[PDB]
């Protein structure tokens, strides 16, 4: 129905630091015949579930340093790949990808797997989407680990969540240009530019899902959706503000990647004010947008903060 293609398995034979077994679902309501991949690590009967959402243009691979820390703490860790990325299937038309297409997949996943006592772990698009999930079924959500992310609201309600789109020229403007313009988009090259500490092998793990441009439509549409917010996106994200400010009563841990030109402190401090009970943020000076690249530390510190309240 949705025309999609699947990455050949051999593309992932040689991954670095990614020893996690695949789990796939292909009978999700609303996503007929599309196979989604997800990691399910740690004790499957655990009381606490860490739901780790990735962003643009990555995959669950991004969480490889944090997963073991969480699993070791006794928790179950779920890390899905959105349709268009990782080992999940990839719709070939950019038009198939929408804010709701991705948000509905998440609600579908959550129900099918019946996740409860969720500690939401988000960054980038994983956060633009993820922060809009709790208001749909608050009982399943208990904690939040937020890294460089915000809400896709309109410019008037929260100017901080729109300002970055236009300035600086080497921030969001550069990012989007790098992603949507090349006819021969090399993800490994893009990653090394935006996450300067990745090794060559790590960089290649980010290119692994895309043999050629035909597998990259999802990659291409995410940046455009930051630039062009549809009405459902705006309404849903606006209504999420209310949730975090008045309704949220869980534990929160915030980490900021200080070198991020996109969603740094000028986006994060404002986000901190909107989240009821958000504590002082953990500022990681050497980290850029991909906070997860300095993840072991974020994971360990968050667990310590949360334990310091049990």
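Positions refer to the first chain, counted from 1.
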{"item": "Comparing 262 to 270 with 244 to 252, the one whose average Cα B-factor in the PDB entry is higher", "value": "244 to 252"}
{"item": "145 to 153 or 81 to 89, whichever carries the higher mean Cα B-factor", "value": "145 to 153"}
{"item": "Most elevated Cα B-factor in the entry, residues 219, 115, 232, 120", "value": "115"}
{"item": "Top Cα B factor in the deposited entry, candidates 179, 163, 203, 135", "value": "135"}
{"item": "B-factor third for the C-alpha atom of residue 289 within its chain", "value": "lowest"}
{"item": "For residue 34, the third of its chain into which the C-alpha B factor falls", "value": "highest"}
{"item": "Assigned third (lowest, middle, highest) for the C-alpha B factor of residue 74", "value": "highest"}
{"item": "Third of the chain's Cα B-factor distribution that residue 173 belongs to, per the entry", "value": "lowest"}
{"item": "Residue 67, C-alpha B-factor rank within chain (lowest, middle or highest third)", "value": "middle"}
